[PDB]
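Chains, contacts and geometry: an overview
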Amino acid sequence: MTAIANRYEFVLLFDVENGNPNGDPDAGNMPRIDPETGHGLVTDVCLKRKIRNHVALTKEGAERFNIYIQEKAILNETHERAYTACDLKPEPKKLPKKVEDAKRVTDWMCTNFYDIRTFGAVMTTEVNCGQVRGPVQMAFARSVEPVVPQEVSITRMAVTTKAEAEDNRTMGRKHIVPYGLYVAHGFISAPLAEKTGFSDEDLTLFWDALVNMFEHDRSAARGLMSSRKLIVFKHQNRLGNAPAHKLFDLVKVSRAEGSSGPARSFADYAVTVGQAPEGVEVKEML
Amino acid sequence: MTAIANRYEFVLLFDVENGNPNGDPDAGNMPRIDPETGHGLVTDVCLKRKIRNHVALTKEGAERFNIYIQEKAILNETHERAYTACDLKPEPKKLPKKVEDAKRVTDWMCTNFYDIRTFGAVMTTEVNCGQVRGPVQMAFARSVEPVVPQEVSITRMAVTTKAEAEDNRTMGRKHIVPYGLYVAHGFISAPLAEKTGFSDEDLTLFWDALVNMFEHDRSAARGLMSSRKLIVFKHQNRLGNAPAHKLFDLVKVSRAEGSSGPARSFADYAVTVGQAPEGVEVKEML
Amino acid sequence: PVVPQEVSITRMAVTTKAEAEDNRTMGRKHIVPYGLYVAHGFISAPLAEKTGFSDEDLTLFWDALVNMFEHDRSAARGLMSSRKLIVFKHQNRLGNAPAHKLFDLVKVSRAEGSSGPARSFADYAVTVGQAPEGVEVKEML
Amino acid sequence: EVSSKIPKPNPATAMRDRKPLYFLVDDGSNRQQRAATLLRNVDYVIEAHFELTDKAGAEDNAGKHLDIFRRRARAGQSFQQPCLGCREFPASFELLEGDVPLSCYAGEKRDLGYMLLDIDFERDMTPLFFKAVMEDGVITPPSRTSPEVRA
Amino acid sequence: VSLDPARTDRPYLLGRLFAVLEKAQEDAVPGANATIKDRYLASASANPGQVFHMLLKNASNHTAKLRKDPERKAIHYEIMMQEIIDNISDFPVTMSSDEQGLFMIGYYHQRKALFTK
Amino acid sequence: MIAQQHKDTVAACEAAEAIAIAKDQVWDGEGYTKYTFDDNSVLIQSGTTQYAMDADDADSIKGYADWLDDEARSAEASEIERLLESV
Amino acid sequence: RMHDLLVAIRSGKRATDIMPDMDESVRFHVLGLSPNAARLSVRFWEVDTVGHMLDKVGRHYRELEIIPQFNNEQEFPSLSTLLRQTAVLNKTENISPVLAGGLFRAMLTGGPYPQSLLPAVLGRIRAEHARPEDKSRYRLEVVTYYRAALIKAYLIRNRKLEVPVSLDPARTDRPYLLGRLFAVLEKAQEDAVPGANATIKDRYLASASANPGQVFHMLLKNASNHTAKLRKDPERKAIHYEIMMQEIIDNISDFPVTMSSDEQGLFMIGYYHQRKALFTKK
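Residues numbered from 1 in each chain as written, not as in the entry; some residues may be left out. Chains lettered and ligands numbered in written order. Part of a larger assembly, values for the part shown. Heavy atoms only, no water.

As documented in the archive entry, the model was determined using cryo-EM at 3.0 Å resolution.

Here it is as structure tokens:
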């Protein structure tokens, strides 16, 4: 697998209208917010799952493009598949003693499964396949302005089993963010790609997934989510020639002249990108 | 390998944004904090590990630049390698009787391993190989302001083993620091470098590692970490010309007057570097 | 009073093949978050007269006390430094006032604006009283 | 703590060649760890008197030395800083012009068993002991110069 | 008692205001599954200046629903609100951790008082 | 071990007692004197003959039993059992 | 019989009452030897009379008295067990010899416990956490019966404070109230999320005890989330926990920015007492 030969950094801008970009499991289902400033948050795992879903949809389980975590599968069975394909006994809870075979099993896992090859995975279980760090990493998405989550009451004209009034025989709850423009940062590391085999075709498919991430993620509670801007910084050498924080500071978001009241559309924000350093090429056509 | 001939003290300022700079093995995996004050902590060991990782990445195991504390190495085997290179029979618990032979083995270990040459090591294991102090030392890193770690609850759509738990998805959680600016102090000793061989090329590589320490350390729990400032104080003689605590006080970090509310970006802080004594100079260009 | 903290750490490599059969070790590291220590000392001129301890030796001793820790850096000690060094120089070959009464003149307390556990030298305010008529007082720091 | 004393060198051979003389505290058996169980917050009052020796001067008089000691104690002067046994335990001393303050064991008669009285340097550094009984918190050792306590 | 109506600390007053708003909503709309403290506590303590206005709108609606019935407490809660917001010059954009703790303390102090028979 | 330097000479007794930690004795049929040292090493003497023993190796303790007289072995059955569990 | 003797001497009675053969005037010797490589050193030595030292041991056990957390626990905790609970991983080794010397010393002399004791147990509470991997059915408590007993003994002796043997709802003491509040928040959490891997006892106990001002807001908000979920789901009356929070928060005027070591000990004792009185209330 001819791994990529350049270090990348990208910034993704997406917004939600009357939707719930990511619920909070331990606080009802409210959208995640910063507990001190109120800015909305979307966990990296959510975006990674959306990318996984897009890859699965657009590849339909083709060769070398399977997905490891998938949906209600048993991972130990996947590890057993990997061991069988390598002619090894998975009986021990440890990795095979011979380093060559311990590398062979993990290489098979990386080659077969796209999300392992891209984001990495931990496979230390009863049947062990090692660890992969993942060439592609992305941090939490954070709204540019504070959001005010809204709880919407909804009723139902039907009952599941039996009601006590046999009146609000059913009352539900819907959480929505009236609007919020989120900014997601991400990094791609060439050495890790060389270790796992993350190639250029994988990078192109990843860009496609980022651009069309939400077009097939529609749901009753998602609302209208869309990808607005994707700026990709490509370094001229393997290790890069500019700090990450310097590049991300080139992408700036501001209200422009629509300061009247709360933001309610992408037209209320203005995005500008500066000139990249000498050794970095910035492509924004995505 | 001529050793350095000047004492150095340096101050490193690095950030963390929606990340976990250093987990606490005792408190689940929460970021280390000073419980009596709330200030965050990052063990010097973690920074030394990141420096070792950067050195290994940028030197790819070149001669005289191997790192001793490797991912899966067995230290006794490395000590056995040293003894074989020195053509000696190793007693189990004791160094070679002839003090010159012990010096030879320790010098071999220092010369062919970078991190032994820099940070020192303890090798009095079942195949003794002496001890080294290490010219370069660094203390804990402590946040300028108290941090507010928050628990992020996440889920997974798959189950490792055979279980009927999922009627709800498998649970899990991350710990992140919304933002924290850490200050790390460090010392370099010429007298120890003389005994260990820490050269000027080693010093340049060390500065490079400090500057680019985090650029290749991305992961699913680190978030966005970056080194912001690196002030280096260089003395004109092997023994310094001023107490270190005087020098560290020249680097004053305080919140910018134009900022209010919780800190969320490095722009919220203003760093000022004072005038150094006559016998010292400040390399505030990193 | 000081309240040392226990810090848990890990290591990548195992030392022996026996323990390699999961290949990590969990050490621990004890630290004092902060503490200001007071050290008393006595120099006896009559004893020095029997040994040759001269004034240049005394200057070197003051220098060492001032710069004891500047070369003692290590992974365990963290940051340690000398803050104040008060010297009482007696006029007589013997003393001129009780030593315990002189040490009392060096009163160290907490600054007005400081509350909770101390975490920096700024939390402590140190003052030195008026010494008896027969002794001098110096502040090398 | 250290295992052994430093040996006597011959200075002449010290630079018949460059001979680095040193003691390595950390080297092997040189490092001896010694646990000490020691007292805390002690307080004593010592009653002692004088005696002229054979080599006393023709003009030396007990009164003169007594007054010298009293003046030094009152003013706090001292040849060397007194210590409670070991030099790392300095002693704060005063002269009691008034009455001895009341003791903590005022109503006790505690037997402390035999304990060292002094060391007889005339009879080849021979230690001699006495049965110490703490009556009313005050110990009354027999005179260490008497012939019936010395062998 | 424990409640101190003379504190006049902005976090304390905001906590008291939140408590009285929750009580007003509970009285106006009995049987609701979730109260104000269950819904807007996170947002209220995060950025009070962004959500307290709509909380006050809802409280006004609830008091309106209570004043109509001949049993009129509504007026009592309205006067409490007048007094509490009287001592506030402006809403805080953000509240510090200790300030949030004081906010919760004030909320719990006010809530118990309104539960007195 | 100094027994190799001085072998069965009496001066071994002098050297051991000069460097040895607390000494023990046995009176069971044949007189035996024990000189114990640090490092769990013990030197045992009877007349000119002597035997060196290590308290961490079983074989040394068995040989110490064999080097003793029969009646002594019976009295030392208790002591021998004590050292033998050192493992 | 030994149990009867311990009960008697703890209550302040004389051992002669349980059995008459003791002549309490006979004097008793206790010696403690600590080893090193090849030579062993005396660590402590007491020569008091049988009656006096029996009375001192009885006073020690009286001070250690606490309501047991589980019925299987010893009524009179062993000194070794108490010391073991301060060990790094609750095993006999790693016990600091100095603390042991200060026990089996302060125990049988009646003097103050070594000042190092309280920070040791507090640090253990900071470092310890739930250990379901222990194969013990009950998720191990961070503030066990033995640690709470040690803290109570230290507070009673070294600080002269008053500490009840069980929960005191009229204490109205700020550290005690904060400990009780932490206990009720924990109960709300483990009711809202059954079978949780870790509770707030694992992580926020240290900072809550040491720096209440900076961490109790998040704990209260999380407990609000827990009760809100607990209200929609079965067990709709959450109401009891809210009432308890009201009744405890009522006696507090401000969350302290910091607390002293003895105040932290009081916090731990209050948390232990409230937790025990809440296991099967409902």
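There is more to say, and it comes next.
1. Section: the overall build of chain C
The secondary structure content of chain C amounts to three helices and six strands. When the helices and strands of chain C are listed from N to C terminus, the series reads β-β-α-α-β-α-β-β-β. Expected size for 141 residues packed as a compact globule is a radius of gyration near 14 Å; at 22 Å, chain C overshoots this value by more than 25%. Considering only C-alpha atoms, chain C reaches an extent of 70 × 45 × 20 Å along its principal axes. Within chain C, the fraction of its 141 residues that count as buried is 29%. Counting every atom, chain C has about 9,000 Å² of accessible surface; 55% of that belongs to carbon and sulfur. Between the averaged position of the 17 positive side-chain charges in chain C and that of its 17 negative side-chain charges there is a distance of 4 Å. (Helix = DSSP H or I, 4+ residues; strand = E, 2+ residues; numbered from the N terminus. Rg over C-alpha atoms; globule rule 2.2 N^0.38 Å. Buried < 20%, exposed > 50% of the residue type's maximum accessible area, 1.4 Å probe, protein only. Areas by Shrake-Rupley, 256 points an atom, 1.4 Å probe, with all protein chains shown as cover. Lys, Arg positive; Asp, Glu negative; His and termini not counted. Charge placed at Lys NZ, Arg CZ, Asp CG, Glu CD.)

2. A short note on the arrangement of the chains
In this assembly, 12 pairs of chains are in contact, and the pair contributing the most contacts is chains A and B. Spatially, chain A and chain D are disjoint, and the shortest separation between their C-alpha atoms is 39 Å. (Contact = heavy atoms within 4.5 Å.)

3. Some details on helix α14 (residues 261-276) of chain G
All names here are of chain G. In a regular helix each residue adds 1.5 Å, so 16 residues correspond to 22 Å; α14 covers 23 Å between its end C-alpha atoms and thus fits that length. For α14, the buried fraction is high: 12 of the 16 residues fall into the buried class. Looking at the buried positions of α14, the neighbouring elements they touch are α7 (117-127), α8 (145-158), α9 (174-192), α10 (200-203), α11 (205-210) and α12 (212-232). (Expected span 1.5 Å × (residues − 1).)

4. What about the pairing of strand β2 (residues 40-46) of chain G?
Across six bridges, strand β1 (residues 30-35) of chain G lies against β2(G) in antiparallel orientation. The partner of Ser34(G) across the bridge, within β2(G), is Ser41(G). (Pairing = 2+ DSSP bridges.)

5. Considering the pattern of salt bridges
Evaluation of the coordinates by the stated rule reveals 84 salt bridges over all chains. With its nearest N and O atoms 2.4 Å apart, the salt bridge here joins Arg228(B) to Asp15(B). By relative accessible area, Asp15(B) is classed as buried at 2%. Close ionic contact of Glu128(G) with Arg131(G) constitutes a salt bridge, the shortest N to O distance being 2.6 Å. One connected set of salt bridges, linked through shared partners, spans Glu141(G), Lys187(G), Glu190(G), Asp191(G), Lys201(G) and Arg275(G). (Salt bridge = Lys/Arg side-chain N within 4 Å of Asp/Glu carboxyl O.)

6. Observations regarding the interface of chain B and chain A
The interface is formed by 37 residues belonging to chain B together with 39 residues belonging to chain A. With both sides pooled, the region where chain B packs onto chain A buries about 3,200 Å², and carbon together with sulfur makes up 58% of that total. Counting the surface chain B buries against chain A, the share from its top three residues, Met157(B), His216(B) and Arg218(B), is 17%. The interface formed by chain B and chain A includes seven salt bridges. Summed over the shared surface of chain B and chain A, the result is 16 residue pairs in polar contact. (Buried area = accessible area lost by both parts, 1.4 Å probe. Polar contact = N/O pair within 3.5 Å; in protein donor to acceptor, adjacent residues only side chain to side chain.)

7. A few points about the interface of chain A and chain E
Tallying the contact residues gives 14 residues for chain A and 10 residues for chain E. Note on chain A versus chain E: buried area summed over both sides is about 970 Å², and carbon and sulfur give 54% of it. It is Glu36(A), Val148(A) and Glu151(A) that lose the most area in chain A upon contact with chain E, and together they represent 39% of the buried surface on that side. At the boundary of chain A with chain E, the tally comes to zero salt bridges. Across the contact surface, chain A and chain E share zero residue pairs in polar contact. Of the residues in the side of chain A that touches chain E, the class split is eight nonpolar, two polar and four charged. (Nonpolar A, V, L, I, M, F, W, Y, C, P; charged D, E, K, R; others polar.)

8. Considerations on unusual backbone geometry
Positive phi, close to 65 degrees, is recorded for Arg64(A), a residue that is not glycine. Position of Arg64(A) among the secondary structure elements: in the loop between α1 (44-59) and α2 (75-85).

9. Quick word on the side chain of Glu46(G)
Residues and elements named next belong to chain G. Relative to the assigned elements, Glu-46 resides in strand β2. Of the buried charged residues, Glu-46 lacks a salt bridge, with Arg-105 as the closest side chain of opposite charge at 5.3 Å. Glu-46 has contacts with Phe-28, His-29, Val-30, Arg-105, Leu-108 and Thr-109, leaving out every residue within four places of it along the chain.

10. Re the state of the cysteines
All names here are of chain A. Overall, the coordinates contain zero disulfides over all chains when judged by the stated rule. We note that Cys-86 lacks a disulfide partner, and the nearest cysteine sulfur, in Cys-129, lies 8.3 Å from it. Here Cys-86 falls in the buried class, since its relative accessible area comes to 5%. (Disulfide = S-S within 2.5 Å.)

11. Remarks on the nonpolar core
Judged by nonpolar contacts, the single largest core of 147 residues is most densely connected at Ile188(B), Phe206(B), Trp207(B), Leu181(G), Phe182(G), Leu185(G) and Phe216(G). Looking at this core element by element, the count peaks at 10 residues for helix α1 (residues 10-28) of chain E. Contacts of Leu181(G), omitting those with residues within four sequence positions, involve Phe216(G), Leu220(G), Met245(G), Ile248(G), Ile249(G) and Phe255(G). Within the second largest apolar cluster, 38 residues are counted, among which are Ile33(A), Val55(A), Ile67(A) and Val177(A). (Core = buried A, V, L, I, M, F, W, Y, C linked by side-chain atoms within 4.5 Å.)

12. Here's the deal with the packing of aromatic side chains
One pass over the full model with this rule turns up 37 aromatic pairs over all chains. Between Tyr61(G) and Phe76(G), the aromatic rings sit 5.7 Å apart at their centres with planes inclined by 85 degrees, giving edge-to-face as the arrangement. Of this pair, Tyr61(G) sits in helix α3 (residues 50-64) while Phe76(G) sits in the loop between α3 and α4 (79-84), and the two are 15 residues apart along the sequence. Using a relative accessible area of 10% as the deciding quantity, one classes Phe76(G) as buried. A connected cluster of aromatic rings, assembled from ring pairs, spans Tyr8(A), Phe10(A), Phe119(A), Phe206(A) and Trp207(A). When the ring centre of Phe187(A) is taken as origin, the NZ or CZ atom of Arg218(B), which lies over that ring, is 4.5 Å away. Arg171(G) extends its terminal NZ or CZ atom over the ring of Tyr176(G), reaching a point 5.4 Å from the ring centre. (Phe/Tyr/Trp six-rings, centres within 6.5 Å; stacked < 30°, edge-to-face > 60°. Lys NZ or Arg CZ within 6 Å of the ring centre and 35° of its normal.)

13. Thoughts on the pairing of strand β1 (residues 21-28) of chain F
Inspection of the sheet shows β1(F) paired to strand β2 (residues 30-36) of chain F by seven bridges, in the antiparallel sense. By the bridge assignment for β2(F), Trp27(F) is matched with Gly31(F).

14. As for a negative patch on the surface
Residues and elements named next belong to chain F. There is a patch of like negative charges on the surface, built from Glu-30, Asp-69, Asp-70 and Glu-71. Along the chain, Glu-30 falls in strand β2. With a relative accessible area of 37%, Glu-30 lands in the partly exposed category. (Patch = residues over 30% accessible without salt bridge, like charges linked within 9 Å, V, L, I, M, F, W, Y side chains within 5 Å.)

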